[PDB]
Amino acid sequence: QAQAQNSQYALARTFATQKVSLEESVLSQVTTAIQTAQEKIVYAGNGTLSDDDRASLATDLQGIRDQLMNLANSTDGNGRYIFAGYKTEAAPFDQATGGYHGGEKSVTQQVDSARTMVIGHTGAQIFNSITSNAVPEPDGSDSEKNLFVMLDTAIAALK
Amino acid sequence: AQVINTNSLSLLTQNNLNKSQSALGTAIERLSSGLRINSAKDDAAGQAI
Amino acid sequence: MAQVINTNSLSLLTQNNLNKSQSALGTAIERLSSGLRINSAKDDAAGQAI
Amino acid sequence: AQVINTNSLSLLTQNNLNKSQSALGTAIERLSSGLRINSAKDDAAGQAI
Amino acid sequence: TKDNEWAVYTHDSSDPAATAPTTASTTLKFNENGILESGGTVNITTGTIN
Amino acid sequence: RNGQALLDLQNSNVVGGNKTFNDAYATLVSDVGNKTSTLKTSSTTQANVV
Amino acid sequence: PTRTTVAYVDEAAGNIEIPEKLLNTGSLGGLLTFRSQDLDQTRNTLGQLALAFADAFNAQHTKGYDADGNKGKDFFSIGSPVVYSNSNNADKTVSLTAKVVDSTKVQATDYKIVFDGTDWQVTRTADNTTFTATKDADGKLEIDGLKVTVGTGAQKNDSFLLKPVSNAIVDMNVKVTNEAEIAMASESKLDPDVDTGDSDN
Amino acid sequence: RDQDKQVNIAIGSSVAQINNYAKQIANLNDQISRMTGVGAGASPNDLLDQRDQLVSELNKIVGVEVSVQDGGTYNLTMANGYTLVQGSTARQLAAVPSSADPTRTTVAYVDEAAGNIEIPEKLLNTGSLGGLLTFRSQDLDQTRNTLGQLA
Amino acid sequence: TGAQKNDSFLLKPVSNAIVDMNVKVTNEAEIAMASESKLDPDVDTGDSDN
Amino acid sequence: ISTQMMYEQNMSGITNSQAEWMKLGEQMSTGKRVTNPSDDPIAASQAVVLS
Amino acid sequence: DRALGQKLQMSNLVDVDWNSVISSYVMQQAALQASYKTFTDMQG
Amino acid sequence: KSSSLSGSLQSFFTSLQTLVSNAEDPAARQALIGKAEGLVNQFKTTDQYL
Amino acid sequence: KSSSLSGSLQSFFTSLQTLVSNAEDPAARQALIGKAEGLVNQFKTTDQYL
């Protein structure tokens, strides 16, 4: 019984690793994307552009926005949407509204007799939350949470 | 595995080599041309301006 | 101390050490190729963020 | 009676040996020439293109 | 088709005149634990040849 | 565009209504695995008995 | 009434039963006591094991939903207890139906139950512990993990034997040919305001 | 498809074999009867063990039941069904293409005065005959039809 | 004093300390760092109070 | 009894241990845990999904 | 990179361990060698 | 040990752990009910021997 | 010597050091939680083995 139980925990641990590793690379690309987004917005701030240059920059922001949204909707090596929570069978977001459609519960699994571990970071955690080290809005209005709302609003303002 | 077939480490190193190659080619291309910008890939907005 | 797992113990205990060593070897070769200490999400959790 | 070796293994291995040799010959050809396509069907569409 | 009770039929395979009807030769009965209760006696007859 | 339509089918759950082609093949694989495993086991167990 | 047993003949009274405790000599006695004490005890132990499994399984299995979205369909079939009358009792038509409520308290033993004239005595035939029949609060028998119905026209010394686990394995089988049935999710695939997707484990 | 066609041949040969053994056992019953009748206590130790040996071999051919009778004769049953051999009397069997699917082979037994009732693949599925039959019917057909289906 | 004369009792203090023990915190905002308060006028802590 | 019993026990042991020897030979020559779906079928199913 | 990860996953899926199987093979074949000899005398 | 009921239960719960990790796997669900049938096979063979 | 209370506890305090350097940081704040739980894991597992 003991040896079998150790094997069982070994398999559960295997699968936790399996998910987390792939999530790592997708998130790496996510962070690079938003970094270049920040940089582009700095240039959006420059006030010596020709208005069509601002529109061009809007087109580049649109490219970046599309890339981010592509990353968000990604699946795993079984076709399961990784960022869906439990709803791994369906596309979790909408490229129009920026809405989130997955289950806002993370996925759970136990790997050893004590460590019960979470391996699925349902999208709302990642793209619709700000951590309490929150750069606040200077006017008292609620701080934005939806990355896509931010970038779409900026694209509209530029265009 | 079974007779170190399809070794991971070699493939990993090959990928890192790919990245180094790309960086090298970019640098030589810019240094040779005399421009920081040679295609829309360099600076999309700057190209237009 | 009867063992088919002895005259076998000897062996595995060797295989385990080889596994540990080769894991370290892979880490070293990967880093030395990449030119970075931080490659995964687990070279440095805090370092990733900073 | 199924156990009969009949050099099951020897044949077994050999099969795999010639398969590895097939792969090795592909590799050596590509290595010496520099080409990825030599037969008609290393890749037919890419060959035409 | 009735737990503790069965219906039983008989035939003579050599005398074709013993054609079995749907009428059971006898019904058999069982007590509160499955032990024979009643019903198991009958006399059977066939034609005779040569 | 119709070519894209054909490609799209590769993901679709048509066969089982909830199962696609590929997972249906995987289902066939698991069915054979289940049987062969259970029957191997039972065969050897009864073999020990005899 | 399901056994063979060794009896001696009296002058004209016929056949008499004697305890295997009396006939425990050489081969015969070895056979009887092996089959009764060793073999039936192991039978009842394996029966208790099988009992709880399928049952304690189904009981927890009911809680979840399955891949079609319904409340999952419970897994195992299992053999039901059998109770026996003893021939010398008054009536030969009162079969005491068995009554199961708790598979975590079954005990792997035969039970002898007797109606003593004002109440009942119960015993576990391996431990042979004697105790007056615990009842439900409604006039019927209770024993640990099993419960039993009671007759009416009982003899003074009406003596029953209960087998709560022995028949368990004989019918036990998988009732689920279809993979969709398994109660995997904790919530429905089809409830209006909760989610389980395909992955809720 | 060819693996179905292969099993049909063995089914036929095995039915021929069950017919072969049944007669041997009948002659053994009769010859034991006569030998022990003349013996007046002399017991043909070899032949009795021959009876049991042939029984056991035939038992492997198919699901078989055995029992002894008054005098010393045997009864043999297709346990799922009925008793075919009693006294020195043994019945017959034949190999037939099934009524529902004449493309596949199945066994027909005869209660000689009653008829050669075809037994399709249902009851036979234990013993080497059954070993062939349940494989071909449950395993092979389900496989072929699932390949054909998702397809 | 429900105990009778020389009735005995047994404390095994840490026999289940580890088994019971669990974590009670998940949020980044949860951890206590400042040496005094932050929601009051008579102190200087800021957020970076370590 | 004991003579035929000895020979049969010996052959049982040899046959089994031999059958072991062939399995590991197959695994080594192939380079794999599995080729047959009775080796580890679940692995093969998740393998087709991965493919 | 996604392909690299997938290929690694497959690799661990299909293969066991290098040293484990070679070692167990060698030992067990030694034991088989011994079993042969045991029978060889047993027939006496 | 082919008769080891433990072995069968261990295999069944291996199936269960693998399904628990991936609730979707048709293979694991189907194999789990298969291992249940093998478990009852062990049970039945032991019981019939007794 | 890898799996030991010493190693996990050393790591926990090292994480706390990186935190005391950066009271504000949410990432460091969270990373501390994980190792804090890992101590729970080690304690539970060891005691349970006893």
# chains A, B, ... in the order shown; residues from 1 in each chain; ligands from 1
>>> calpha_fit_and_write(fixed="chain L", moving="chain M", output="PDB file with N, CA, C and O atoms, in the first residue's frame")
ATOM      1  N   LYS M   1       1.896 -13.773  -4.610  1.00  0.00           N
ATOM      2  CA  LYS M   1       1.688 -12.368  -4.294  1.00  0.00           C
ATOM      3  C   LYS M   1       1.290 -11.536  -5.503  1.00  0.00           C
ATOM      4  O   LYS M   1       0.955 -10.358  -5.340  1.00  0.00           O
ATOM      5  N   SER M   2       1.320 -12.110  -6.708  1.00  0.00           N
ATOM      6  CA  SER M   2       0.787 -11.406  -7.869  1.00  0.00           C
ATOM      7  C   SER M   2      -0.730 -11.412  -7.843  1.00  0.00           C
ATOM      8  O   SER M   2      -1.374 -10.356  -7.820  1.00  0.00           O
ATOM      9  N   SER M   3      -1.317 -12.592  -7.821  1.00  0.00           N
ATOM     10  CA  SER M   3      -2.754 -12.704  -7.690  1.00  0.00           C
ATOM     11  C   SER M   3      -3.145 -12.486  -6.243  1.00  0.00           C
ATOM     12  O   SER M   3      -2.933 -13.347  -5.388  1.00  0.00           O
ATOM     13  N   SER M   4      -3.728 -11.328  -5.972  1.00  0.00           N
ATOM     14  CA  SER M   4      -4.146 -10.976  -4.628  1.00  0.00           C
ATOM     15  C   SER M   4      -5.097  -9.801  -4.732  1.00  0.00           C
ATOM     16  O   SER M   4      -5.009  -8.989  -5.656  1.00  0.00           O
ATOM     17  N   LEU M   5      -6.003  -9.712  -3.761  1.00  0.00           N
ATOM     18  CA  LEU M   5      -6.889  -8.560  -3.715  1.00  0.00           C
ATOM     19  C   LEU M   5      -6.094  -7.272  -3.577  1.00  0.00           C
ATOM     20  O   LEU M   5      -6.493  -6.233  -4.117  1.00  0.00           O
ATOM     21  N   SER M   6      -4.961  -7.321  -2.878  1.00  0.00           N
ATOM     22  CA  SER M   6      -4.161  -6.119  -2.689  1.00  0.00           C
ATOM     23  C   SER M   6      -3.689  -5.559  -4.019  1.00  0.00           C
ATOM     24  O   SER M   6      -3.778  -4.353  -4.261  1.00  0.00           O
ATOM     25  N   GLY M   7      -3.160  -6.416  -4.892  1.00  0.00           N
ATOM     26  CA  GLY M   7      -2.619  -5.922  -6.146  1.00  0.00           C
ATOM     27  C   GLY M   7      -3.682  -5.289  -7.021  1.00  0.00           C
ATOM     28  O   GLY M   7      -3.502  -4.181  -7.539  1.00  0.00           O
ATOM     29  N   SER M   8      -4.815  -5.971  -7.177  1.00  0.00           N
ATOM     30  CA  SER M   8      -5.892  -5.423  -7.988  1.00  0.00           C
ATOM     31  C   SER M   8      -6.419  -4.128  -7.391  1.00  0.00           C
ATOM     32  O   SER M   8      -6.711  -3.178  -8.121  1.00  0.00           O
ATOM     33  N   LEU M   9      -6.551  -4.070  -6.068  1.00  0.00           N
ATOM     34  CA  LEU M   9      -7.104  -2.875  -5.444  1.00  0.00           C
ATOM     35  C   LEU M   9      -6.143  -1.698  -5.568  1.00  0.00           C
ATOM     36  O   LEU M   9      -6.558  -0.567  -5.863  1.00  0.00           O
ATOM     37  N   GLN M  10      -4.853  -1.951  -5.343  1.00  0.00           N
ATOM     38  CA  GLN M  10      -3.831  -0.945  -5.596  1.00  0.00           C
ATOM     39  C   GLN M  10      -3.945  -0.415  -7.015  1.00  0.00           C
ATOM     40  O   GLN M  10      -3.929   0.800  -7.243  1.00  0.00           O
ATOM     41  N   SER M  11      -4.054  -1.321  -7.987  1.00  0.00           N
ATOM     42  CA  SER M  11      -4.138  -0.897  -9.380  1.00  0.00           C
ATOM     43  C   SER M  11      -5.397  -0.078  -9.630  1.00  0.00           C
ATOM     44  O   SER M  11      -5.368   0.906 -10.377  1.00  0.00           O
ATOM     45  N   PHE M  12      -6.514  -0.478  -9.026  1.00  0.00           N
ATOM     46  CA  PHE M  12      -7.761   0.254  -9.214  1.00  0.00           C
ATOM     47  C   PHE M  12      -7.622   1.685  -8.722  1.00  0.00           C
ATOM     48  O   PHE M  12      -8.002   2.636  -9.418  1.00  0.00           O
ATOM     49  N   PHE M  13      -7.054   1.865  -7.531  1.00  0.00           N
ATOM     50  CA  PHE M  13      -6.893   3.221  -7.018  1.00  0.00           C
ATOM     51  C   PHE M  13      -5.860   4.007  -7.813  1.00  0.00           C
ATOM     52  O   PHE M  13      -5.989   5.224  -7.956  1.00  0.00           O
ATOM     53  N   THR M  14      -4.832   3.343  -8.338  1.00  0.00           N
ATOM     54  CA  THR M  14      -3.885   4.038  -9.203  1.00  0.00           C
ATOM     55  C   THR M  14      -4.576   4.550 -10.462  1.00  0.00           C
ATOM     56  O   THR M  14      -4.337   5.685 -10.908  1.00  0.00           O
ATOM     57  N   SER M  15      -5.436   3.721 -11.053  1.00  0.00           N
ATOM     58  CA  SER M  15      -6.226   4.170 -12.190  1.00  0.00           C
ATOM     59  C   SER M  15      -7.091   5.355 -11.801  1.00  0.00           C
ATOM     60  O   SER M  15      -7.197   6.337 -12.547  1.00  0.00           O
ATOM     61  N   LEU M  16      -7.714   5.285 -10.626  1.00  0.00           N
ATOM     62  CA  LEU M  16      -8.513   6.410 -10.163  1.00  0.00           C
ATOM     63  C   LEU M  16      -7.663   7.660  -9.996  1.00  0.00           C
ATOM     64  O   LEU M  16      -8.151   8.769 -10.218  1.00  0.00           O
ATOM     65  N   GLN M  17      -6.406   7.513  -9.584  1.00  0.00           N
ATOM     66  CA  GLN M  17      -5.526   8.673  -9.491  1.00  0.00           C
ATOM     67  C   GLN M  17      -5.324   9.298 -10.862  1.00  0.00           C
ATOM     68  O   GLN M  17      -5.522  10.508 -11.054  1.00  0.00           O
ATOM     69  N   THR M  18      -4.934   8.480 -11.836  1.00  0.00           N
ATOM     70  CA  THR M  18      -4.775   9.012 -13.182  1.00  0.00           C
ATOM     71  C   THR M  18      -6.059   9.671 -13.662  1.00  0.00           C
ATOM     72  O   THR M  18      -6.015  10.625 -14.447  1.00  0.00           O
ATOM     73  N   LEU M  19      -7.212   9.181 -13.203  1.00  0.00           N
ATOM     74  CA  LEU M  19      -8.470   9.815 -13.578  1.00  0.00           C
ATOM     75  C   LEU M  19      -8.643  11.169 -12.899  1.00  0.00           C
ATOM     76  O   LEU M  19      -8.954  12.163 -13.563  1.00  0.00           O
ATOM     77  N   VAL M  20      -8.435  11.237 -11.580  1.00  0.00           N
ATOM     78  CA  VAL M  20      -8.637  12.500 -10.876  1.00  0.00           C
ATOM     79  C   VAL M  20      -7.721  13.560 -11.449  1.00  0.00           C
ATOM     80  O   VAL M  20      -8.000  14.759 -11.342  1.00  0.00           O
ATOM     81  N   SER M  21      -6.608  13.149 -12.051  1.00  0.00           N
ATOM     82  CA  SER M  21      -5.794  14.130 -12.751  1.00  0.00           C
ATOM     83  C   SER M  21      -6.495  14.656 -14.000  1.00  0.00           C
ATOM     84  O   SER M  21      -6.230  15.785 -14.426  1.00  0.00           O
ATOM     85  N   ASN M  22      -7.383  13.859 -14.605  1.00  0.00           N
ATOM     86  CA  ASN M  22      -7.908  14.141 -15.944  1.00  0.00           C
ATOM     87  C   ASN M  22      -9.416  13.879 -16.055  1.00  0.00           C
ATOM     88  O   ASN M  22      -9.877  13.132 -16.913  1.00  0.00           O
ATOM     89  N   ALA M  23     -10.202  14.476 -15.156  1.00  0.00           N
ATOM     90  CA  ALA M  23     -11.644  14.231 -15.128  1.00  0.00           C
ATOM     91  C   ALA M  23     -12.271  14.160 -16.516  1.00  0.00           C
ATOM     92  O   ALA M  23     -13.141  13.313 -16.745  1.00  0.00           O
ATOM     93  N   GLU M  24     -11.858  15.024 -17.442  1.00  0.00           N
ATOM     94  CA  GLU M  24     -12.528  15.100 -18.736  1.00  0.00           C
ATOM     95  C   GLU M  24     -12.270  13.869 -19.591  1.00  0.00           C
ATOM     96  O   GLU M  24     -13.131  13.481 -20.388  1.00  0.00           O
ATOM     97  N   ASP M  25     -11.108  13.252 -19.449  1.00  0.00           N
ATOM     98  CA  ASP M  25     -10.611  12.336 -20.468  1.00  0.00           C
ATOM     99  C   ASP M  25     -11.542  11.140 -20.597  1.00  0.00           C
ATOM    100  O   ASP M  25     -11.796  10.454 -19.600  1.00  0.00           O
ATOM    101  N   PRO M  26     -12.049  10.834 -21.794  1.00  0.00           N
ATOM    102  CA  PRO M  26     -12.831   9.600 -21.939  1.00  0.00           C
ATOM    103  C   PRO M  26     -11.991   8.348 -21.788  1.00  0.00           C
ATOM    104  O   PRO M  26     -12.461   7.366 -21.204  1.00  0.00           O
ATOM    105  N   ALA M  27     -10.764   8.344 -22.312  1.00  0.00           N
ATOM    106  CA  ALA M  27      -9.937   7.143 -22.240  1.00  0.00           C
ATOM    107  C   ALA M  27      -9.685   6.741 -20.795  1.00  0.00           C
ATOM    108  O   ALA M  27      -9.976   5.609 -20.392  1.00  0.00           O
ATOM    109  N   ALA M  28      -9.165   7.668 -19.991  1.00  0.00           N
ATOM    110  CA  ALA M  28      -8.973   7.387 -18.577  1.00  0.00           C
ATOM    111  C   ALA M  28     -10.276   6.940 -17.938  1.00  0.00           C
ATOM    112  O   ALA M  28     -10.292   6.011 -17.122  1.00  0.00           O
ATOM    113  N   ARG M  29     -11.383   7.578 -18.313  1.00  0.00           N
ATOM    114  CA  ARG M  29     -12.670   7.215 -17.739  1.00  0.00           C
ATOM    115  C   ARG M  29     -12.990   5.755 -18.016  1.00  0.00           C
ATOM    116  O   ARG M  29     -13.448   5.025 -17.131  1.00  0.00           O
ATOM    117  N   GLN M  30     -12.745   5.312 -19.247  1.00  0.00           N
ATOM    118  CA  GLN M  30     -13.024   3.927 -19.597  1.00  0.00           C
ATOM    119  C   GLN M  30     -12.053   2.977 -18.911  1.00  0.00           C
ATOM    120  O   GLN M  30     -12.472   1.995 -18.286  1.00  0.00           O
ATOM    121  N   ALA M  31     -10.752   3.268 -18.997  1.00  0.00           N
ATOM    122  CA  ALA M  31      -9.762   2.376 -18.407  1.00  0.00           C
ATOM    123  C   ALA M  31     -10.067   2.103 -16.945  1.00  0.00           C
ATOM    124  O   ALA M  31      -9.833   0.992 -16.458  1.00  0.00           O
ATOM    125  N   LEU M  32     -10.595   3.097 -16.233  1.00  0.00           N
ATOM    126  CA  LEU M  32     -10.990   2.873 -14.850  1.00  0.00           C
ATOM    127  C   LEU M  32     -12.034   1.775 -14.763  1.00  0.00           C
ATOM    128  O   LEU M  32     -12.034   0.979 -13.816  1.00  0.00           O
ATOM    129  N   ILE M  33     -12.930   1.712 -15.745  1.00  0.00           N
ATOM    130  CA  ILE M  33     -13.983   0.712 -15.685  1.00  0.00           C
ATOM    131  C   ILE M  33     -13.356  -0.675 -15.684  1.00  0.00           C
ATOM    132  O   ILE M  33     -13.600  -1.475 -14.774  1.00  0.00           O
ATOM    133  N   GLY M  34     -12.411  -0.921 -16.592  1.00  0.00           N
ATOM    134  CA  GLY M  34     -11.874  -2.269 -16.710  1.00  0.00           C
ATOM    135  C   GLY M  34     -11.352  -2.814 -15.392  1.00  0.00           C
ATOM    136  O   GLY M  34     -11.727  -3.908 -14.969  1.00  0.00           O
ATOM    137  N   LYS M  35     -10.485  -2.053 -14.718  1.00  0.00           N
ATOM    138  CA  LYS M  35      -9.954  -2.504 -13.435  1.00  0.00           C
ATOM    139  C   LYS M  35     -11.047  -2.593 -12.380  1.00  0.00           C
ATOM    140  O   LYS M  35     -11.024  -3.491 -11.521  1.00  0.00           O
ATOM    141  N   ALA M  36     -11.991  -1.652 -12.406  1.00  0.00           N
ATOM    142  CA  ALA M  36     -13.130  -1.746 -11.508  1.00  0.00           C
ATOM    143  C   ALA M  36     -13.791  -3.108 -11.638  1.00  0.00           C
ATOM    144  O   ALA M  36     -14.179  -3.717 -10.634  1.00  0.00           O
ATOM    145  N   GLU M  37     -13.908  -3.610 -12.873  1.00  0.00           N
ATOM    146  CA  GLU M  37     -14.473  -4.943 -13.083  1.00  0.00           C
ATOM    147  C   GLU M  37     -13.496  -6.022 -12.639  1.00  0.00           C
ATOM    148  O   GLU M  37     -13.913  -7.066 -12.124  1.00  0.00           O
ATOM    149  N   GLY M  38     -12.201  -5.807 -12.857  1.00  0.00           N
ATOM    150  CA  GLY M  38     -11.224  -6.799 -12.445  1.00  0.00           C
ATOM    151  C   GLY M  38     -11.301  -7.097 -10.964  1.00  0.00           C
ATOM    152  O   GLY M  38     -11.066  -8.234 -10.532  1.00  0.00           O
ATOM    153  N   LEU M  39     -11.633  -6.087 -10.164  1.00  0.00           N
ATOM    154  CA  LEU M  39     -11.880  -6.344  -8.748  1.00  0.00           C
ATOM    155  C   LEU M  39     -13.023  -7.335  -8.573  1.00  0.00           C
ATOM    156  O   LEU M  39     -12.932  -8.269  -7.763  1.00  0.00           O
ATOM    157  N   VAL M  40     -14.110  -7.139  -9.323  1.00  0.00           N
ATOM    158  CA  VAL M  40     -15.224  -8.078  -9.288  1.00  0.00           C
ATOM    159  C   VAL M  40     -14.734  -9.472  -9.618  1.00  0.00           C
ATOM    160  O   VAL M  40     -15.100 -10.456  -8.964  1.00  0.00           O
ATOM    161  N   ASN M  41     -13.915  -9.572 -10.654  1.00  0.00           N
ATOM    162  CA  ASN M  41     -13.403 -10.867 -11.075  1.00  0.00           C
ATOM    163  C   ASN M  41     -12.681 -11.557  -9.931  1.00  0.00           C
ATOM    164  O   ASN M  41     -12.963 -12.718  -9.607  1.00  0.00           O
ATOM    165  N   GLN M  42     -11.740 -10.849  -9.308  1.00  0.00           N
ATOM    166  CA  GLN M  42     -10.946 -11.464  -8.249  1.00  0.00           C
ATOM    167  C   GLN M  42     -11.827 -11.895  -7.087  1.00  0.00           C
ATOM    168  O   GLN M  42     -11.695 -13.017  -6.576  1.00  0.00           O
ATOM    169  N   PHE M  43     -12.725 -11.012  -6.653  1.00  0.00           N
ATOM    170  CA  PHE M  43     -13.598 -11.346  -5.536  1.00  0.00           C
ATOM    171  C   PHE M  43     -14.403 -12.600  -5.838  1.00  0.00           C
ATOM    172  O   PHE M  43     -14.442 -13.543  -5.035  1.00  0.00           O
ATOM    173  N   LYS M  44     -15.059 -12.621  -7.000  1.00  0.00           N
ATOM    174  CA  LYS M  44     -15.892 -13.759  -7.366  1.00  0.00           C
ATOM    175  C   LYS M  44     -15.079 -15.042  -7.378  1.00  0.00           C
ATOM    176  O   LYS M  44     -15.485 -16.054  -6.796  1.00  0.00           O
ATOM    177  N   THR M  45     -13.916 -15.015  -8.031  1.00  0.00           N
ATOM    178  CA  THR M  45     -13.119 -16.229  -8.160  1.00  0.00           C
ATOM    179  C   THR M  45     -12.694 -16.758  -6.796  1.00  0.00           C
ATOM    180  O   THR M  45     -12.847 -17.955  -6.505  1.00  0.00           O
ATOM    181  N   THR M  46     -12.172 -15.880  -5.937  1.00  0.00           N
ATOM    182  CA  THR M  46     -11.727 -16.340  -4.627  1.00  0.00           C
ATOM    183  C   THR M  46     -12.878 -16.920  -3.819  1.00  0.00           C
ATOM    184  O   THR M  46     -12.792 -18.062  -3.330  1.00  0.00           O
ATOM    185  N   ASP M  47     -13.966 -16.160  -3.678  1.00  0.00           N
ATOM    186  CA  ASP M  47     -15.077 -16.662  -2.886  1.00  0.00           C
ATOM    187  C   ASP M  47     -15.570 -17.987  -3.440  1.00  0.00           C
ATOM    188  O   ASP M  47     -15.856 -18.912  -2.676  1.00  0.00           O
ATOM    189  N   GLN M  48     -15.647 -18.107  -4.767  1.00  0.00           N
ATOM    190  CA  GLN M  48     -16.136 -19.340  -5.367  1.00  0.00           C
ATOM    191  C   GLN M  48     -15.231 -20.513  -5.024  1.00  0.00           C
ATOM    192  O   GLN M  48     -15.705 -21.639  -4.840  1.00  0.00           O
ATOM    193  N   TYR M  49     -13.919 -20.282  -4.970  1.00  0.00           N
ATOM    194  CA  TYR M  49     -13.018 -21.349  -4.544  1.00  0.00           C
ATOM    195  C   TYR M  49     -13.328 -21.782  -3.113  1.00  0.00           C
ATOM    196  O   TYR M  49     -13.363 -22.985  -2.809  1.00  0.00           O
ATOM    197  N   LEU M  50     -13.573 -20.819  -2.223  1.00  0.00           N
ATOM    198  CA  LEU M  50     -13.998 -21.201  -0.874  1.00  0.00           C
ATOM    199  C   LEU M  50     -15.288 -22.025  -0.913  1.00  0.00           C
ATOM    200  O   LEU M  50     -15.424 -23.027  -0.192  1.00  0.00           O
TER     201      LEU M  50
END
>>> interface_residues(of="chain A", to="chain I", cutoff="10 Å", atoms="only C-alpha atoms", output="PyMOL selection string")
chain A and resi 114+131-133
>>> residues_around(residues="residue A:121", least_positions_apart="6", cutoff="7 Å", atoms="only C-alpha atoms", output="PyMOL selection string")
chain A and resi 83+85+106
>>> write_last_selection(atoms="N, CA, C and O atoms", output="compact mmCIF listing (two decimals), in the first residue's frame")
# COMPACT_ATOMS: atom_id res chain seq x y z
N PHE A 83 -6.30 28.44 -19.83
CA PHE A 83 -6.71 29.57 -19.01
C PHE A 83 -8.20 29.58 -18.70
O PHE A 83 -8.75 30.63 -18.36
N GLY A 85 -9.93 27.71 -16.36
CA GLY A 85 -10.39 27.12 -15.12
C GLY A 85 -10.87 25.71 -15.41
O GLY A 85 -10.15 24.90 -16.00
N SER A 106 -9.84 28.39 -9.77
CA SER A 106 -8.62 27.74 -10.23
C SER A 106 -8.78 26.23 -10.17
O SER A 106 -9.70 25.70 -9.54
>>> select_by_dssp(residues="stretch 72-119 of chain G", states="strand (DSSP E)", output="number ranges by chain")
G: 76-77, 82-84, 98-100, 111-115
>>> residues_around(residues="stretch 56-71 of chain G", least_positions_apart="5", cutoff="6 Å", atoms="only C-alpha atoms", output="count of residues only")
11
>>> residues_around(residues="residue J:10", least_positions_apart="5", cutoff="10 Å", atoms="only C-alpha atoms", output="VMD selection string")
(chain J and resid 4 to 5 15) or (chain K and resid 35 to 36 38 to 40 42 to 43)
>>> atom_distance(atom1="atom CA of residue H:99", atom2="atom CA of residue H:111")
18.6 Å
>>> residues_around(residues="stretch 14-25 of chain B", least_positions_apart="6", cutoff="12 Å", atoms="only C-alpha atoms", output="list in words")
residues 7, 8, 31 and 32 of chain B; 29, 30, 31, 32, 33, 34, 35, 36 and 39 of chain C; 1, 2, 3 and 4 of chain K
>>> atom_distance(atom1="atom CA of residue I:24", atom2="atom CA of residue A:11")
27.6 Å
>>> residues_around(residues="residue H:90", least_positions_apart="4", cutoff="10 Å", atoms="only C-alpha atoms", output="list in words")
residues 19, 21, 22, 23, 24, 25, 26, 27, 75, 76, 83, 84, 85 and 86 of chain H
>>> write_last_selection(atoms="C-alpha atoms", output="PDB file, in the first residue's frame")
ATOM      1  CA  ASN H  19     -18.282 -35.920 -31.876  1.00  0.00           C
ATOM      2  CA  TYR H  21     -14.736 -38.185 -28.094  1.00  0.00           C
ATOM      3  CA  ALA H  22     -18.390 -38.739 -27.212  1.00  0.00           C
ATOM      4  CA  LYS H  23     -18.367 -42.115 -28.957  1.00  0.00           C
ATOM      5  CA  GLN H  24     -15.144 -43.215 -27.259  1.00  0.00           C
ATOM      6  CA  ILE H  25     -16.659 -42.437 -23.857  1.00  0.00           C
ATOM      7  CA  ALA H  26     -19.807 -44.377 -24.776  1.00  0.00           C
ATOM      8  CA  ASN H  27     -17.763 -47.450 -25.641  1.00  0.00           C
ATOM      9  CA  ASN H  75     -23.905 -38.597 -17.204  1.00  0.00           C
ATOM     10  CA  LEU H  76     -22.470 -35.679 -19.157  1.00  0.00           C
ATOM     11  CA  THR H  83     -27.380 -33.837 -20.283  1.00  0.00           C
ATOM     12  CA  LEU H  84     -26.323 -35.461 -23.566  1.00  0.00           C
ATOM     13  CA  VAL H  85     -24.616 -38.763 -22.624  1.00  0.00           C
ATOM     14  CA  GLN H  86     -26.107 -41.360 -20.282  1.00  0.00           C
TER      15      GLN H  86
END
>>> interface_residues(of="chain F", to="chain L", cutoff="9 Å", atoms="only C-alpha atoms", output="count of residues only")
21
